[PDB]
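The chain below stands alone and is given in structure tokens; this is the form deposited without ligand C5P.
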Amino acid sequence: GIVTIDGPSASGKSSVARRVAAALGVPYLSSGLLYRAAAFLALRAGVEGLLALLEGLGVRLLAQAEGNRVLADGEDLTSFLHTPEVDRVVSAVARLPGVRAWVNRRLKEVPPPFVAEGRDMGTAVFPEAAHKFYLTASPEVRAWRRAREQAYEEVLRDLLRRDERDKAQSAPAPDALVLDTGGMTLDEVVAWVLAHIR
């Protein structure tokens, strides 16, 4: 089946999901590669017009443990998705609600099993997932952690604004197991998630 790991910004969800997918021996999936594909295709085609292009070409995300692939009209584009120009354009495309909906439609076509990570994987995309988790922590601890890697106050202020957006747009899935990660190492969180997957 499907494991969803959702959480707010600076929640360590991507690192936890990669470790959980590796432990289970299934692919890790996120939205990043699809946003990059949309940007690359918009650039290559020289493009509402973006969505007609994406839908028109036919895009598929292939979930593979060694590294996911993105095909457009049957062509593997994966290796072309990390250029500076894709980097510039992807920031902008990710912000379009219609592109977000398109990414969701493509994720929904990926057959299980996999560990999907994001904010709304267990609600907007895979509400039928058998194993849903929401990793939460106070904004202070997430800021404290991120600041170790700006000052605490700068990061905290940024996180508070991101949390406000997240809360106004979504809530954890009702059947998701919620874990406050405060006080736990990455290993502990990974272990906790796996201990809860029957």
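Residue numbers run from 1 along the displayed sequence. We call the rigid core the largest set of C-alpha positions that still match within 1.5 Å between the two forms.
The form deposited with ligand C5P bound is left out here; the points below concern that form.
Only one of 156, 63, 33, 173 comes within 4.5 Å of ligand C5P in the deposited bound form through a heavy atom, and that residue is 33. The putative spot formed by 82, 90 and 100 is fully lined by ligand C5P in the deposited bound form; each residue has a non-hydrogen atom within 4.5 angstroms of it. Look at 49-57, 126-134, 33-41, 63-71: in the deposited bound form, residues with non-hydrogen atoms within 4.5 angstroms of ligand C5P sit in 33-41.
After superposing the rigid core, the C-alpha of residue 55 moves by less than 2 Å between the shown form and the other one. The rigid-core alignment places the CA of residue 69 less than 2 Å apart between the shown form and the other one. Relative to the superposed core, residue 119 shifts its CA atom by 2 Å or more between the shown form and the other one. One change in the deposited bound form concerns residue 122 and residue 76, whose Cα atoms lie at least 3 Å farther apart than in this form. Relative to the displayed conformation, the Cα-Cα distance from residue 130 to residue 123 grows by 3 Å or more in the deposited bound form.
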